[PDB]
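**Q** have a look at this fold, sequence not included:
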């Protein structure tokens, strides 16, 4: 099997819940050593701990991906505790529908949060990846990056920039043996009601919502050697459609 | 762990050599019974026999995908042999650079060979896929479907049809629990100034068949049960024309 993460150190940000938590769990059971990360320090340690009492190796620390000190702490915490870095999964980000006349800081924040942070983490992890022979970067985008709609000024165009950064920086980091891709996930069952759900699926050909595990398998594939030759790709994982 | 094709029956067309050979072989070790198909009947039989003696189940068939009688034979041959069909890998297809003043028979052929055949084979397989509890269709496309260049009038736009058909029939057969995806492969070393492409492939390397087969295996695996209407380009991070 090439879908395993043997001898790998993976940093996973925003991993207290949902996708990033499943990516972190999934990357551990594939035999990677995980550095769980989140804005909320309790949540990072909850997931890093449950990973350990289930067999894997994992530490969890607080990280505000927009704080340059918090970023450098994660890089160092991973090297200090595991020796190398081979996988960076940039799952931290946020935002959503805002009016066009939104205050400028709202617009600028979306780019600090969704783009400036993960570019910088990649800039830090890249030379350590290079020393370890190579590695894989994965950015969790959003479907608003390739769609067009109302109230999407900051969200949809900051996630668009994530997509195009991914397509471009793979040229920069390929020579160093780094692959860079992105998943754009559909809507995931979280709620942690039936009629507003049945309407959401009116445009999802496969007829169900997503599971965090569904994103984690794609994250797995894209970060394993099974995807040794895939870089610069934006893979949409949404049951064939769009929602909400 | 979710990356296996257990209790699956996969038709792989154009699988005597190259990408389709690798796919067929990969799919067998992953647990699928495989219906190996190619224009050359005995080329397909040699692949099927290797899978069998390497431990798998498989048969090999002559099939011209452009001929409706063959298409039906292969579909029936899969059912008589294995009871069901759950995976269809539309890999056969041809063509390449052509002058703009080409004869219309060439233009039309490219669509007949790269597009109509795989849509027809999709039509024949969809009902059996639904009776079987679900399945996946994977179309082997080409980066010429999104690239633009000289001499690509027939090849580039037939393959572009394959990409959007993929995206569009995903809506149609999703309600039948069928996923439809495509792989656009780049420069695969199949069979000196080679260094041309390499000067535009960020990962410093051409592709092997198994690269394409790994992505194939993923997209037809339960690890991708919620992925559909996708064109995953597998090219080393760049473009090679």
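**A** Noted; the coordinates are in hand. Residues are numbered from 1 along each chain as shown, chains lettered A, B, ... in the order given.
**Q** could you name the helices and strands sitting against the helix or strand where residue A:36 lies?
**A** Taking DSSP states H and E as the criterion, residue A:36 maps to strand A:32-38. Contacting strand A:32-38 under the criterion 3 or more Cβ pairs under 8 Å, 6 or more residues apart in numbering or on different chains; DSSP states H and E are the following elements: strand A:8-12, helix A:18-29, helix A:41-52, strand A:58-62, helix A:68-82. The way it works is simple: take the backbone N, C-alpha and C, and place the C-beta from them, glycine included.
**Q** out of those, deepest packed?
**A** Most buried of the helices and strands packed on strand A:32-38, by mean neighbour count (mean count of other Cβ atoms under 10 Å in any protein chain shown): strand A:8-12, with a mean of 28.
**Q** and it, which strands flank it?
**A** strand A:32-38 (parallel), strand A:87-90 (parallel) (DSSP bridges).
**Q** distance of the residue nearest the centre of chain A relative to residue A:227?
**A** Of all residues in chain A, the one closest to the mean position by Cα atoms, centre = their mean is residue A:91, 2.8 Å from it. Distance from residue A:91 to residue A:227, counting by Cβ to Cβ, to the nearest Å: 18 Å.
**Q** tell me which element the residue lying farthest from the centre of chain A falls in.
**A** Distance to the chain centre peaks in chain A at residue A:195, reaching 30.3 Å (criterion: Cα atoms, centre = their mean). Using DSSP H and E, residue A:195 maps to helix A:194-200.
**Q** show me which residues of chain A sit near chain B.
**A** Within reach of chain B by Cβ under 8 Å from any Cβ of the partner chain, chain A has these residues: A:1-3, A:170-175, A:177, A:179-180, A:186, A:204-208, A:210-211, A:214, A:217-218, A:220-221, A:226-233, A:235-241.
**Q** which of these are buried?
**A** Buried members of the residues of chain A next to chain B, counted by 16 or more other Cβ atoms under 10 Å in any protein chain shown: A:3, A:170-171, A:173-174, A:179-180, A:186, A:204-206, A:210, A:214, A:217-218, A:220-221, A:226-233, A:235-241.
**Q** narrow those residues to those in helices?
**A** Judged by DSSP state H, helices contain the following of those: A:170-171, A:173, A:214, A:217-218, A:220-221.
**Q** what's the closest of those to residue A:60?
**A** Using Cβ to Cβ, residue A:220 is the member of these that lies nearest residue A:60, at 19.7 Å.
**Q** which residues does that closest one contact?
**A** Residue A:220 sits next to A:3, A:5, A:23, A:26-27, A:30, B:223 when contact means Cβ atoms under 8 Å, 6 or more residues apart in numbering or on different chains.
**Q** also residue A:22?
**A** The neighbourhood of residue A:22, defined by Cβ under 8 Å, 6+ apart, consists of A:211-213, A:215-216.
**Q** the spatially closest residue to it that is not a sequence neighbour: neighbour count?
**A** Take residue A:22 and drop its neighbours on the chain: the residue closest to it by Cβ to Cβ, 6 or more residues apart in numbering or on different chains is residue A:212, 3.6 Å away. When neighbours are counted by other Cβ atoms under 10 Å in any protein chain shown, residue A:212 registers 19.
**Q** my read: residue A:56 touches residue A:36, true?
**A** No. The criterion here is Cβ atoms under 8 Å, and residue A:56 misses it with residue A:36 at 10.6 Å.
**Q** compare the two (neighbour count), which wins?
**A** Between residue A:56 and residue A:36, counted using other Cβ under 10 Å, the more crowded position is residue A:36 (33 against 19).
**Q** three-state assignment of residue A:102?
**A** Three-state call for residue A:102 (DSSP: H, G, I helix; E, B strand; the rest coil): coil.
**Q** I figured it hits residue A:155, correct?
**A** No. Look at residue A:102 against residue A:155 with Cβ under 8 Å: they stay out of range, at 10.3 Å.
**Q** more neighbours, the two?
**A** A count of neighbours by other Cβ under 10 Å puts residue A:155 above the other of residue A:102 and residue A:155, at 22 against 15.
**Q** confirm the more buried one sits in a helix?
**A** Yes. With three-state DSSP as the criterion, residue A:155 is part of a helix.
**Q** how about it: what's its closest non-neighbour residue?
**A** Spatial nearest neighbour of residue A:155, excluding adjacent residues (Cβ to Cβ, 6+ apart): residue A:95 at 4.4 Å.
**Q** what's around residue A:111, how many residues?
**A** Residue A:111 sits with 16 neighbouring residues when counted by other Cβ under 10 Å.
**Q** other SSEs contacting the strand or helix carrying residue A:118?
**A** Per DSSP H and E: residue A:118 is located in helix A:117-131. Helix A:117-131 is packed against helix A:68-82, strand A:87-90, strand A:135-140, helix A:153-173, strand A:178-185, with contacts defined by 3+ Cβ pairs under 8 Å, 6+ apart.
**Q** which residues are in contact with the third one?
**A** Counting by Cβ under 8 Å, 6+ apart, strand A:135-140 makes contact with A:14, A:19-20, A:85-91, A:93, A:118, A:122, A:125-126, A:129, A:162, A:165-166, A:173, A:177-183, A:185, A:215, A:219, A:222-223, A:227, all of which sit outside it.
**Q** how about the shortest one?
**A** Outside strand A:87-90, the residues that touch it by Cβ under 8 Å, 6+ apart are A:5, A:8-13, A:15, A:20, A:23, A:27, A:32, A:65, A:117-118, A:121-122, A:125, A:129, A:135-140, A:219, A:223.
**Q** could you flag which of those are buried?
**A** Applying 16+ other Cβ under 10 Å to the contacts of strand A:87-90, the neighbour count classes A:5, A:8-13, A:15, A:20, A:23, A:27, A:32, A:65, A:117-118, A:121-122, A:125, A:129, A:135-140, A:219, A:223 as buried.
**Q** how about residue A:43, what does it touch?
**A** Residues near residue A:43 by Cβ under 8 Å, 6+ apart: A:16-17.
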